[PDB]
Number of protein chains: 4
Amino acid sequence: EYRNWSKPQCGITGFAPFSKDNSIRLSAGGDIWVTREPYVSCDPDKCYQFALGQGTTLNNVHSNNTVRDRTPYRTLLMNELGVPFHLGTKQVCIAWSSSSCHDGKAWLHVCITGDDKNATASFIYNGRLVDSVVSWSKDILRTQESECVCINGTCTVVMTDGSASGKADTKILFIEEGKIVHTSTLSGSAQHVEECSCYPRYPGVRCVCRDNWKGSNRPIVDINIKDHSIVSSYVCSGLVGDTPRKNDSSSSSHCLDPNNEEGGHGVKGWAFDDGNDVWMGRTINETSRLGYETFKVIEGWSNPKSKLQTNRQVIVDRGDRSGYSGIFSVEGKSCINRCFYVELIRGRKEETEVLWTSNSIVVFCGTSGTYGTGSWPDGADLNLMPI
Amino acid sequence: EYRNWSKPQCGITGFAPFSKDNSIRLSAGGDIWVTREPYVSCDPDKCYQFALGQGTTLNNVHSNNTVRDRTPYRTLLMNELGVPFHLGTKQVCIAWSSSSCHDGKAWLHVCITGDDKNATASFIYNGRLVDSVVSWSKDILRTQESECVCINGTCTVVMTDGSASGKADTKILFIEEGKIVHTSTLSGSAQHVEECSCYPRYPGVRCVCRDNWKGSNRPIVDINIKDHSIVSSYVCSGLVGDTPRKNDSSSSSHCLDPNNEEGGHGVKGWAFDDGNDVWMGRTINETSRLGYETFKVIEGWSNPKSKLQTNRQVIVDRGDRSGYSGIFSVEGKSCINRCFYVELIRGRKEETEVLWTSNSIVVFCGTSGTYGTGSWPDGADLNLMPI
Amino acid sequence: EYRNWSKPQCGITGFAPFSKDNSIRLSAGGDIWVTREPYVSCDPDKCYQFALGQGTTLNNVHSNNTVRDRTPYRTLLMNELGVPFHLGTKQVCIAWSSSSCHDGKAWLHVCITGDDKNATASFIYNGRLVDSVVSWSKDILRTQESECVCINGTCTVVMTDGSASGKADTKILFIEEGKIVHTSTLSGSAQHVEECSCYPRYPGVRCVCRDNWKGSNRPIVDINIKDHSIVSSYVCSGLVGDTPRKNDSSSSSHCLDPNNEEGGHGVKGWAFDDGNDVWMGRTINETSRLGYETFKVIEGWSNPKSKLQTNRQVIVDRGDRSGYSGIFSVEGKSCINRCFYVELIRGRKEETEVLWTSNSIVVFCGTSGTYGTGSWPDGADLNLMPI
Amino acid sequence: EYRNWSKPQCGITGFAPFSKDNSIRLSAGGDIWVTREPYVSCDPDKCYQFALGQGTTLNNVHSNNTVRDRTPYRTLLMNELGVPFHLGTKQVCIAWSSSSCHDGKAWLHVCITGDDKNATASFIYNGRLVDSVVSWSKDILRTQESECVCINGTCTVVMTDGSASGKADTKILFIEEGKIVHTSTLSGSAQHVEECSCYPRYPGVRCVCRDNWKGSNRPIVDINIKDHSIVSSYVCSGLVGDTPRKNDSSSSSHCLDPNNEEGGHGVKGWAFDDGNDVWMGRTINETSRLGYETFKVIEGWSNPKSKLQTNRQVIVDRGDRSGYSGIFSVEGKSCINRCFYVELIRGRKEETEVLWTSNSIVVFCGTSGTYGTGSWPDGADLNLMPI
Ligand SMILES: *[C@@H]1O[C@H](CO)[C@@H](O[C@@H]2O[C@H](CO)[C@@H](O[C@@H]3O[C@H](CO[C@H]4O[C@H](CO)[C@@H](O)[C@H](O[C@H]5O[C@H](CO)[C@@H](O)[C@H](O)[C@@H]5O)[C@@H]4O)[C@@H](O)[C@H](O[C@H]4O[C@H](CO)[C@@H](O)[C@H](O)[C@@H]4O[C@H]4O[C@H](CO)[C@@H](O)[C@H](O)[C@@H]4O)[C@@H]3O)[C@H](O)[C@H]2NC(C)=O)[C@H](O)[C@H]1NC(C)=O
Ligand SMILES: *[C@@H]1O[C@H](CO)[C@@H](O[C@@H]2O[C@H](CO)[C@@H](O[C@@H]3O[C@H](CO[C@H]4O[C@H](CO)[C@@H](O)[C@H](O[C@H]5O[C@H](CO)[C@@H](O)[C@H](O)[C@@H]5O)[C@@H]4O)[C@@H](O)[C@H](O[C@H]4O[C@H](CO)[C@@H](O)[C@H](O)[C@@H]4O[C@H]4O[C@H](CO)[C@@H](O)[C@H](O)[C@@H]4O)[C@@H]3O)[C@H](O)[C@H]2NC(C)=O)[C@H](O)[C@H]1NC(C)=O
Ligand SMILES: *[C@@H]1O[C@H](CO)[C@@H](O[C@@H]2O[C@H](CO)[C@@H](O[C@@H]3O[C@H](CO[C@H]4O[C@H](CO)[C@@H](O)[C@H](O[C@H]5O[C@H](CO)[C@@H](O)[C@H](O)[C@@H]5O)[C@@H]4O)[C@@H](O)[C@H](O[C@H]4O[C@H](CO)[C@@H](O)[C@H](O)[C@@H]4O[C@H]4O[C@H](CO)[C@@H](O)[C@H](O)[C@@H]4O)[C@@H]3O)[C@H](O)[C@H]2NC(C)=O)[C@H](O)[C@H]1NC(C)=O
Ligand SMILES: *[C@@H]1O[C@H](CO)[C@@H](O[C@@H]2O[C@H](CO)[C@@H](O[C@@H]3O[C@H](CO[C@H]4O[C@H](CO)[C@@H](O)[C@H](O[C@H]5O[C@H](CO)[C@@H](O)[C@H](O)[C@@H]5O)[C@@H]4O)[C@@H](O)[C@H](O[C@H]4O[C@H](CO)[C@@H](O)[C@H](O)[C@@H]4O[C@H]4O[C@H](CO)[C@@H](O)[C@H](O)[C@@H]4O)[C@@H]3O)[C@H](O)[C@H]2NC(C)=O)[C@H](O)[C@H]1NC(C)=O
Ligand SMILES: *[C@@H]1O[C@H](CO)[C@@H](O[C@@H]2O[C@H](CO)[C@@H](O)[C@H](O)[C@H]2NC(C)=O)[C@H](O)[C@H]1NC(C)=O
Ligand SMILES: *[C@@H]1O[C@H](CO)[C@@H](O[C@@H]2O[C@H](CO)[C@@H](O)[C@H](O)[C@H]2NC(C)=O)[C@H](O)[C@H]1NC(C)=O
Ligand SMILES: *[C@@H]1O[C@H](CO)[C@@H](O[C@@H]2O[C@H](CO)[C@@H](O)[C@H](O)[C@H]2NC(C)=O)[C@H](O)[C@H]1NC(C)=O
Ligand SMILES: *[C@@H]1O[C@H](CO)[C@@H](O[C@@H]2O[C@H](CO)[C@@H](O)[C@H](O)[C@H]2NC(C)=O)[C@H](O)[C@H]1NC(C)=O
Ligand SMILES: *[C@@H]1O[C@H](CO)[C@@H](O)[C@H](O)[C@H]1NC(C)=O
Ligand SMILES: *[C@@H]1O[C@H](CO)[C@@H](O)[C@H](O)[C@H]1NC(C)=O
Ligand SMILES: *[C@@H]1O[C@H](CO)[C@@H](O)[C@H](O)[C@H]1NC(C)=O
Ligand SMILES: [Ca+2]
Ligand SMILES: [Ca+2]
Ligand SMILES: [Ca+2]
Ligand SMILES: [Ca+2]
């Protein structure tokens with residue numbers, strides 16, 4: 001019954017289109033939730049889309065000023081992958097920061113809400129609140145904003161608390177059926193860890209996070225489910241996946257330290273290793289969240305100084321808006337597949353023709369077959385949309 | 001198969017956020033039922049939200065004059081906890097007063113509708129009408145407006161018939177698979193019992209009710225599911241839970257009689273005992289349904305005169321609107337958890353910029369862990385909402 | 001697995017409120033189907049509501065001229081009892097005349113559509129067309145517009161083909177798993193048989209129909225499931241149940257023939273026997289479909305002269321609009337319960353304030369307990385409703 | 001658990017009405033997806049309707065110029081047959097060309113999206129992306145736009161890549177649990193094959209496709225599942241089924257070569273054999289997609305030159321708009337039934353009073369019983385609908 005993820009990783013030549021919600025285009029006519037920070041997590045049968053709602057729909061007076069990150073009205077929305085967030089969507093918890101797990105038996109939802117300086121993380125398993133923890137650093141308590149990983153019934157979630165531009169207290173929480181059985185402080189050379197994209201790498205869990213303080217390379221967290229040991233490093237690929245960053249010719253990376261190159265900010269992204277190579281996704285624009293591309297870097301997991309990429313796919317065209325991206329793993333007949341979602345942010349603080357901020361999602365899954373090219377942007381025309 | 005509730009009560013240090021519907025905020029764009037008197041009740045798998053609809057949506061001509069409590073068009077709406085009352089919501093019965101039960105096998109709905117002087121209580125178990133009873137006092141027959149409790153197949157419901165300002169005929173009905181197998185009149189020191197927040201306290205059921213006549217101290221009712229024996233008293237804490245009430249310094253309780261302190265009105269509320277202590281919720285405002293706080297009174301269940309607060313939590317900010325609150329119990333892996341919901345009333349008779357009266361809910365569940373602070377109001381701005 | 005209906009009839013002292021959809025009231029804000037001729041049928045777990053949609057919602061340009069009975073766009077809508085016919089409602093077949101069956105294993109739908117003089121009846125069982133029959137009299141082929149009855153896997157449906165103002169070819173069709181295994185021409189003294197309300201009277205099926213030709217007393221069709229025998233008579237009760245009819249002073253019934261009293265025209269209605277007594281429902285208004293009452297006539301199933309009324313209930317107030325009414329049976333724990341629905345027609349012809357014709361439904365179920373009084377009309381204000 | 005379709009073909013005397021969508025009529029009030037190229041597939045329990053959405057609803061600013069066939073926002077929508085494509089509809093994949101299969105265990109969705117010259121076909125089985133293939137001719141890679149057929153766990157899909165007017169590369173793909181196990185190049189005497197309407201003809205699969213280059217007669221692809229052999233021919237029927245075509249008096253067929261009679265364009269249609277006879281459907285207009293008729297041709301499957309017709313049914317009236325039509329097979333108790341759908345296109349490039357292009361569907365199933373006449377058009381009044 002419990003998921004162990006003991007199958008090997010599927011061979012990947014690239015990624016094929018999997019799902020698209022068209023949320024903003026459907027919002028022009030119809031009642032669609034205002035969302036941001038989405039992710040995808042699958043039970044053994046089907047996949048689900050999650051998002052942090054803003055307590056309002058897009059064609060709504062309350063969609064004004066929905067660029068704010070933390071409000072009391074934010075809830076975690078949960079639909080089947082493909083079903084857009086309409087008025088029949090279930091909100092499973094109060095959360096302006098979220099992470100969701102299926103251990104093979106039931107869903108685990110990790111939900112953070114409340115005051116910025118005194119925040120509660122609620123742990124809801126099988127529809128019941130099982131445990132809760134208060135912010136330890138008395139700062140903005142935040143979690144992965146993506147799917148977490150359960151192996152043998154033990155789910156791991158990464159939680160950060162403290163300064164976003166300085167030393168912060170990151171904890172790895174071990175949850176069994178909604179109950180916190182252990183809490184390990186982050187160890188290793190990753191100095192700043194935030195919004196980890198975690199995937200099962202049996203016998204443990206590997207997380208690729210964002211360094212929001214001093215690195216454009218992505219921190220790596222390796223979690224051993226049995227021993228509970230934590231080790232930290234950075235993605236060694238010379239092509240860094242964080243935005244902002246330097247250009248490919250000028251960007252540099254380090255196997256153990258942040259590269260100190262346009263690292264003061266960041267975006268949620270993902271990466272996974274295929275032997276010594278790394279499969280990564282990032283925004284095409286080096287400074288803004290415009291476009292999205294995925295590629296494989298040869299020896300990009302074991303060698304800094306490697307800027308040799310291949311199998312590049314354009315997910316979102318460079319002229320179109322992207323946002324958070326994360327990984328999620330789907331068990332196959334014989335192997336574990338790696339899939340990723342891209343959040344397509346539209347609205348305020350970058351497009352001022354509307355008063356709201358919302359997102360769409362495009363989902364791609366790894367394939368061992370062949371694929372073509374294309375681009376799958378949000379596609380809404382905000383000049384004609386209600387304000 | 002039949003829920004017994006024989007597990008002990010979970011150790012509670014407070015309550016963690018559980019659910020929020022944002023009903024009024026979603027009403028501004030989208031078709032949402034006009035509801036009042038909500039409550040939460042869970043089958044052994046997931047929790048459900050209930051409310052008494054007004055036969056209309058909010059952006060509707062029929063949402064005017066919806067402050068009225070008893071209309072022929074009121075129905076009991078039932079969704080999964082989290083799903084807002086959209087047009088796909090199932091109205092399970094006709095009722096302007098309702099109570100719902102799950103005994104572990106099927107749902108029991110107690111639904112009261114009809115003429116105020118001659119009302120019918122229909123008992124629907126497993127989707128069928130199994131029994132019905134007429135008013136005995138030929139006055140407004142009313143029930144809990146919250147979850148009832150079923151132990152070993154037998155569900156107990158408190159029903160009141162008579163004046164809200166003088167002796168009323170309160171009966172406890174024992175229902176097995178929808179059939180009324182016993183009816184016992186209320187006996188004990190509580191003289192006005194209405195809208196009882198009942199919870200399982202094995203081997204019995206304990207209800208904390210509203211005295212609309214002479215009390216600010218909430219009445220208590222204890223049912224022996226075995227001897228169909230009913231005992232009545234009041235809550236002993238010197239910090240009373242009813243609204244209106246006196247200051248915290250000037251208030252008193254007797255917990256064998258009403259305190260005769262500003263007791264000429266009331267609001268549905270909850271309290272449960274933790275040894276000699278009492279966990280209780282109330283409005284922060286002593287005169288109006290503004291704000292909501294929960295706290296634990298030291299020896300507040302046994303010592304009239306205890307006013308020692310601890311573990312206070314602000315659920316709704318004092319400036320924000322609250323309403324009915326009630327308790328519901330969720331079975332855990334080793335203990336029984338106590339959770340509560342707060343109805344957030346918005347609209348007429350207190351906010352005259354709209355013509356409708358409706359509510360959202362916020363749900364909190366007892367936690368043995370830690371939590372922070374916050375406030376989770378309705379959040380809808382009625383100045384911009386359709387009138 | 002197959003339903004036999006072998007239990008006796010539950011002792012009925014009257015009827016208690018069961019369900020109310022508030023369709024027209026919710027139509028003012030929200031997308032609700034335009035329907036007419038509804039009915040209720042239940043599978044061994046839930047009750048479903050059916051209606052003949054007009055291919056449009058109420059707030060729609062196509063709701064104009066929805067007073068037409070037979071259009072190519074009419075489909076049979078099927079929702080759970082309580083869920084209003086919103087946009088997510090499933091239309092199970094094309095039909096402007098319908099009847100639905102659950103034999104304990106799967107749903108049977110008898111759907112009539114096509115030309116008025118060459119109508120086609122489709123038989124859909126378990127989601128599949130199993131059989132089809134053409135109109136045999138080349139006039140409006142019609143069926144019960146209510147639930148049909150299956151015993152031991154054999155469902156029986158009453159179909160009429162011919163004129164509404166004279167003799168018509170009424171046939172009784174025996175259907176097994178969607179397949180017509182036998183077709184019996186109507187036999188007996190009933191001269192015009194239409195829109196039968198059938199209930200299981202084990203070992204057979206009893207149908208109370210309307211005479212649209214020469215009688216205000218309701219015809220009876222007795223169907224033997226074992227022998228496929230058909231027997232026809234009239235409800236003997238001197239208080240006739242059809243509309244139009246004579247006043248209670250001048251009503252007469254023959255118990256074998258139509259009474260020749262305002263018998264032209266009619267409304268779909270219901271009746272069932274309780275020993276020698278009859279439980280029947282009818283419009284309060286003798287000439288119009290205004291109001292609804294249910295009562296019991298003492299010795300009304302055997303004595304053509306009995307006018308002794310008792311146990312009268314007002315379902316819809318005298319000034320409010322009723323419509324079609326029909327019976328459906330629910331298997332209880334020890335007996336078979338009889339329930340009835342009343343269609344609440346609103347709109348064109350009678351109410352010229354709107355351009356559409358639609359309906360709401362109110363459902364009552366038999367009870368052995370006590371009950372009060374009340375009135376549950378449609379309750380929509382058509383002066384403010386969109387036209 | 002795997003569907004073998006081993007039962008004989010049902011004796012068919014004609015077709016009976018099964019399902020109607022009314023999508024465009026419901027679009028006037030209510031949020032309904034803009035769709036085109038629909039089809040029907042059934043699992044062992046019930047039937048589902050599929051359509052290629054345009055990423056927008058009809059009463060939407062993005063509904064403008066929805067006449068384009070390939071956009072990044074097009075997705076495959078999936079509801080149960082009878083549920084209109086409302087906002088709760090699940091889009092199961094990104095596709096502007098699609099084909100869907102149920103093999104008895106799980107759904108297989110074949111979805112093509114991306115650039116015109118480098119389109120990607122994604123193979124999604126049981127909710128997971130299993131395989132993927134790129135365009136082989138670097139042109140518009142397209143598939144059946146109807147249900148594919150699975151036998152003994154092996155599903156077969158016909159894929160065309162290349163010129164729409166000229167020789168193109170057609171491949172038959174054998175898919176097992178989402179994985180492409182074999183790929184067969186089209187062989188036989190058919191020169192242009194597109195949008196095949198395939199049905200199980202045990203022990204193989206037979207497809208009736210459209211010749212878009214040189215023929216108004218329809219090509220036939222016979223697929224042997226046992227040994228993956230492909231043979232091709234045309235339909236001998238002197239009454240050809242493609243639109244445009246010549247009139248009945250001047251048409252002809254060869255069933256080894258295209259008839260070279262107004263074969264420059266085409267429409268997706270269906271045919272199946274009844275011994276030596278053929279049941280086919282086509283537009284009543286020989287040059288436009290107006291009306292729809294079905295009939296049987298005596299010796300039409302084995303004799304070019306036959307023009308003898310029987311059992312003609314008008315599905316859509318001659319002056320009403322039709323579109324794509326395809327076949328789907330339903331397993332009965334003892335026989336395999338052949339059913340078909342007709343797409344009712346409304347909107348741009350033929351009706352200029354609206355800016356959108358969308359469709360409704362009507363479904364008919366084969367019957368061994370009797371049936372009447374009728375016409376079941378889309379029925380929306382576009383002069384009154386929003387742009
Ligand atoms: C139909 O779809 C398929 C799949 O989507 C497309 O095929 C894919 O095409 C992409 C290129 O469009 C292949 O990407 C790989 O690109 C590597 C470099 O990427 C470039 O883009 C990034 C953008 O950020 C730039 O930074 C890079 O530029 C910098 O670095 C390069 C280094 O060379 C410098 O040249 C630049 O000046 C910049 O400084 C690039 O612009 C590329 O290196 C990679 O590798 C091929 O070439 C190397 C070296 O020559 C070979 O060693 C290697 O084996 C590859 O060549 C093989 O494969 C190709 C394709 O089969 C054959 O033609 C060769 O003969 C040889 O066998 C590669 O180009 C991606 O790999 C490829 N995917 C697949 C699955 O093949 C099709 O284009 C598309 N067709 C259409 C639209 O018509
Ligand atoms: C981050 O989150 C946590 C969790 O939410 C928060 O910690 C909680 O803080 C509240 C403070 O409200 C603690 O609640 C308890 O409040 C009791 C008094 O309630 C007061 O408010 C109501 C309305 O405002 C008034 O009616 C009462 O006033 C009456 O009585 C006071 C008496 O002082 C009079 O001043 C008034 O005039 C009225 O007559 C109160 O004002 C309070 O009594 C209770 O107990 C603490 O204080 C007493 C008395 O000194 C101590 O005996 C007792 O031990 C408690 O003090 C602490 O003791 C130890 C210290 O190590 C620890 O056990 C705790 O720290 C404990 O607080 C108490 O104040 C609630 O208990 C607490 N929840 C926890 C820790 O679980 C944090 O505030 C929040 N932080 C930030 C940064 O926002
Ligand atoms: C609280 O709710 C309960 C439950 O809903 C209500 O009680 C029910 O009340 C109704 C009406 O009072 C009872 O229905 C029966 O009505 C029969 C006549 O119906 C009348 O309405 C129809 C339509 O308008 C008219 O056509 C009739 O008029 C014609 O007939 C009468 C006589 O038949 C003529 O006088 C007229 O000129 C017309 O020709 C009526 O207006 C009624 O006959 C029936 O019988 C009771 O009364 C007769 C005469 O006394 C007795 O012989 C018979 O045995 C019945 O008496 C019973 O009831 C009393 C108490 O009710 C007991 O003490 C006796 O033991 C005996 O059981 C009856 O009136 C319906 O029966 C009743 N249901 C119950 C009790 O379950 C309450 O009224 C309501 N109270 C409120 C609103 O406060
Ligand atoms: C109630 O519903 C039922 C069922 O839906 C309807 O019955 C069906 O009616 C249709 C139409 O009559 C029957 O279809 C058959 O049509 C054949 C060809 O149809 C014609 O239309 C097409 C297109 O419009 C034309 O192409 C045809 O060819 C003509 O035009 C070309 C031009 O190039 C000329 O060259 C031709 O010469 C034609 O002029 C036709 O106009 C038709 O061939 C077929 O034939 C019957 O009659 C022939 C000759 O008389 C017999 O050989 C053959 O066996 C058929 O006879 C049987 O059926 C009739 C009718 O049932 C019986 O009377 C006979 O006893 C015998 O059983 C035929 O007409 C369709 O078969 C029929 N479906 C049934 C019965 O299941 C009812 O009409 C409808 N009733 C209403 C509206 O009241
Ligand atoms: C990456 O994105 C930024 C836009 O986000 C582009 O820079 C802008 O260029 C336009 C003119 O084309 C100016 O009006 C804006 O002020 C610029 N900056 C911003 C932050 O808006 C930039 O050209 C893009 N290209 C790359 C590859 O850096
Ligand atoms: C709480 O309520 C009591 C009783 O109403 C208040 O006591 C009154 O206080 C005022 C001003 O101090 C005096 O003039 C009155 O004589 C007091 N008695 C009465 C019966 O009114 C007390 O002030 C209130 N305190 C708070 C915390 O608001
Ligand atoms: C409890 O709530 C009432 C409102 O229901 C408060 O009364 C208001 O007080 C404010 C500020 O003093 C005035 O501006 C309003 O006009 C008052 N409203 C009315 C009519 O009462 C009351 O002050 C609150 N009490 C406490 C202790 O906060
Ligand atoms: C069917 O098609 C044929 C051929 O297209 C038509 O025959 C032509 O009719 C026109 C008059 O309209 C003549 O001028 C041509 O010479 C004819 N051509 C042939 C091939 O003879 C025929 O009229 C059409 N018939 C129907 C019933 O539409
Ligand atoms: C109550 O029911 C539970 C079912 O989980 C059972 O384990 C327990 O032993 C029962 N206790 C009593 C008092 O019957
Ligand atoms: C129903 O089935 C039983 C056998 O299961 C049989 O004895 C009985 O006669 C059947 N009833 C009818 C009415 O056909
Ligand atoms: C096809 O499936 C049915 C049901 O499983 C089975 O009875 C039949 O033998 C099968 N035929 C073949 C060819 O396997
Ligand atoms: Ca950074
Ligand atoms: Ca009181
Ligand atoms: Ca009549
Ligand atoms: Ca052609």
# chains A, B, ... in the order shown; residues from 1 in each chain; ligands from 1
$ residues_around --residues "stretch 170-180 of chain B" --least-positions-apart "4" --cutoff "7 Å" --atoms "only C-alpha atoms" --output "MDAnalysis selection string"
chainID B and resid 108 123:125 130:131 153:161 184:186 193
$ residues_around --residues "stretch 328-345 of chain B" --least-positions-apart "5" --cutoff "6 Å" --atoms "only C-alpha atoms" --output "ChimeraX atom specification"
/B:7-10,321-323,358-366,378
$ write_last_selection --atoms "N, CA, C and O atoms" --output "compact mmCIF listing (two decimals), in the first residue's frame"
# COMPACT_ATOMS: atom_id res chain seq x y z
N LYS B 7 -12.34 5.94 22.11
CA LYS B 7 -10.99 6.45 22.30
C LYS B 7 -11.00 7.64 23.26
O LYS B 7 -12.01 8.34 23.39
N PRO B 8 -9.90 7.88 23.97
CA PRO B 8 -9.84 9.04 24.87
C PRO B 8 -9.84 10.35 24.11
O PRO B 8 -9.73 10.36 22.89
N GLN B 9 -9.96 11.46 24.83
CA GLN B 9 -9.87 12.77 24.20
C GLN B 9 -8.41 13.15 23.98
O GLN B 9 -7.58 13.01 24.88
N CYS B 10 -8.11 13.62 22.78
CA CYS B 10 -6.75 14.03 22.45
C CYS B 10 -6.31 15.17 23.36
O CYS B 10 -7.10 16.04 23.73
N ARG B 321 -16.63 40.36 11.80
CA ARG B 321 -17.92 39.80 12.16
C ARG B 321 -17.82 38.29 12.33
O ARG B 321 -17.24 37.60 11.49
N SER B 322 -18.39 37.78 13.41
CA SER B 322 -18.52 36.35 13.67
C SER B 322 -20.00 36.01 13.78
O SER B 322 -20.87 36.82 13.45
N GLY B 323 -20.28 34.79 14.22
CA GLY B 323 -21.65 34.34 14.37
C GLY B 323 -21.76 33.06 15.17
O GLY B 323 -21.09 32.92 16.20
N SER B 358 -25.76 36.47 4.62
CA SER B 358 -25.11 35.20 4.32
C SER B 358 -23.87 35.08 5.19
O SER B 358 -23.55 35.98 5.97
N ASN B 359 -23.17 33.96 5.05
CA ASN B 359 -22.03 33.68 5.92
C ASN B 359 -20.99 32.87 5.17
O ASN B 359 -21.27 32.20 4.18
N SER B 360 -19.76 32.95 5.67
CA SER B 360 -18.72 31.98 5.39
C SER B 360 -18.36 31.30 6.70
O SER B 360 -18.90 31.62 7.76
N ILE B 361 -17.46 30.32 6.64
CA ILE B 361 -17.02 29.62 7.84
C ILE B 361 -15.50 29.56 7.87
O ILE B 361 -14.83 29.66 6.84
N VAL B 362 -14.97 29.42 9.08
CA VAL B 362 -13.58 29.07 9.30
C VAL B 362 -13.56 27.94 10.31
O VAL B 362 -14.32 27.96 11.28
N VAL B 363 -12.75 26.93 10.05
CA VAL B 363 -12.73 25.71 10.85
C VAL B 363 -11.36 25.56 11.48
O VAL B 363 -10.34 25.72 10.80
N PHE B 364 -11.34 25.27 12.77
CA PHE B 364 -10.11 24.99 13.50
C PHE B 364 -10.24 23.64 14.18
O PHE B 364 -11.33 23.25 14.62
N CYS B 365 -9.12 22.93 14.28
CA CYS B 365 -9.08 21.62 14.90
C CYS B 365 -8.08 21.62 16.04
O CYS B 365 -7.04 22.28 15.98
N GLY B 366 -8.42 20.88 17.10
CA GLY B 366 -7.52 20.77 18.23
C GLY B 366 -6.19 20.17 17.83
O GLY B 366 -6.10 19.29 16.97
N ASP B 378 -14.00 36.92 7.32
CA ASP B 378 -14.68 36.68 6.05
C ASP B 378 -13.90 37.27 4.88
O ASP B 378 -13.64 36.58 3.89
$ closest_atom_pairs --of "chain C" --to "chain D" --cutoff "7 Å" --atoms "only C-alpha atoms" --output "CSV"
residue,atom,partner,partner_atom,distance
C:31,CA,D:30,CA,5.6
C:55,CA,D:22,CA,5.7
C:56,CA,D:26,CA,5.2
C:57,CA,D:26,CA,6.2
C:59,CA,D:29,CA,5.8
C:60,CA,D:29,CA,4.8
C:61,CA,D:384,CA,6.7
C:62,CA,D:25,CA,6.7
C:72,CA,D:376,CA,5.2
C:73,CA,D:22,CA,6.8
C:87,CA,D:86,CA,6.5
C:88,CA,D:83,CA,6.1
C:89,CA,D:83,CA,6.1
C:90,CA,D:83,CA,4.5
C:91,CA,D:82,CA,4.6
C:92,CA,D:82,CA,5.7
C:93,CA,D:19,CA,4.9
C:94,CA,D:19,CA,5.6
C:114,CA,D:374,CA,4.3
C:115,CA,D:374,CA,4.9
C:118,CA,D:372,CA,4.6
C:119,CA,D:372,CA,5.3
C:120,CA,D:371,CA,5.0
C:122,CA,D:16,CA,6.5
C:127,CA,D:46,CA,5.4
C:129,CA,D:365,CA,6.5
C:131,CA,D:369,CA,5.9
C:132,CA,D:369,CA,4.9
C:133,CA,D:370,CA,4.6
C:134,CA,D:371,CA,4.4
$ residues_near_ligand --ligand "ligand 8" --cutoff "10 Å" --atoms "only C-alpha atoms and all ligand atoms" --output "ChimeraX atom specification"
/D:245-251,261,286
$ residues_around --residues "residue B:272" --least-positions-apart "5" --cutoff "10 Å" --atoms "only C-alpha atoms" --output "ChimeraX atom specification"
/B:197-199,201,206-208,220,235,277-281,296,301,327,338
$ atom_distance --atom1 "atom CA of residue A:313" --atom2 "atom 6 (C, counted along the ligand's line) of ligand 1"
7.4 Å
